[PDB]
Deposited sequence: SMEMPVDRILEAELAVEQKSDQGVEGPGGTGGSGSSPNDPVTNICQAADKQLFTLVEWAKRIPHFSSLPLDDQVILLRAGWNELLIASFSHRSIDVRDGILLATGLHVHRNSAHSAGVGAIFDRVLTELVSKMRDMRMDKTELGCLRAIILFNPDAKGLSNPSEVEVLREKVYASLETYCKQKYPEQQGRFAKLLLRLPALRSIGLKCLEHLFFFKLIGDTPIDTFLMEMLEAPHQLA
């Protein structure tokens, strides 16, 4: 079973140049992300090698989804887990304005506009986590089943909490392609920061950028 109450509990449980600040926040939040994933029903039951594959595959989308939702009441900016706000003007002035504006326009504003709630965010994150397309999984079917149980629970929760909005479920799922795209661009930036040595990159974030 995949009860939304436990997925919400996982969310609640875990609550200077801007690129440096964002990378320092990412490294901090990777530690938190492991503690979050352990609280998602059935995750800790997967083979250790599969838990590693899923977190290596998902971390960037999972962190972006988190800081995006955290930022819904910020004007044209994001709230990092460190408590530092970053405004789009600062992002632009650091050379990362384009990807910053995609986060604001495709994620933060769309989460704000539909008032995405923490159960919904939790369920979208659990869908991301249970990615049956992650390469090298010992048993992709097992992850496919867990993803299906999450989106079944989410749709039930949407139909029960927001029964005035027939399309809310579809609307939630249709942020995932934007998140995928934004995650890939953010990862491209991080690899470049690491190549050029323009930014301190702490140990856990560096490990996530290691080859498999």
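- In sequence order, the deposited residues that have no C-alpha coordinates form the ranges 1-2, 18-37, 235-238.
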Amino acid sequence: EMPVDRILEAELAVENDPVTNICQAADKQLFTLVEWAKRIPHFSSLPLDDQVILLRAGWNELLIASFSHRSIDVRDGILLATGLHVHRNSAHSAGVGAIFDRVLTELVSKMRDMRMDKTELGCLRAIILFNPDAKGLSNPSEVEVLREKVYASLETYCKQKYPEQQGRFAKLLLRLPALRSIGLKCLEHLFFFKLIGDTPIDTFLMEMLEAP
From here on, numbers count along this sequence of modelled residues.
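- 97-105 and 114-122 differ in mean CA B-factor, and the higher of the two is recorded for 114-122.
- Stretches compared: 39-47, 179-187. Higher mean C-alpha B-factor in the entry: 39-47.
- The maximum CA B-factor among the listed residues 161, 147, 56, 171, taken from the PDB record, is found at 161.
- Between the residues 128, 134, 74, 91, the entry's highest C-alpha temperature factor is the one at 74.
- Per the deposited record, the Cα B-factor of residue 152 falls in the highest third when ranked against the other modelled residues of its chain.
- Among the modelled residues of its chain, residue 209 has a C-alpha B-factor that falls in the middle third, as given in the PDB entry.
- In the PDB entry, residue 165 places in the highest third of its chain by CA B-factor.
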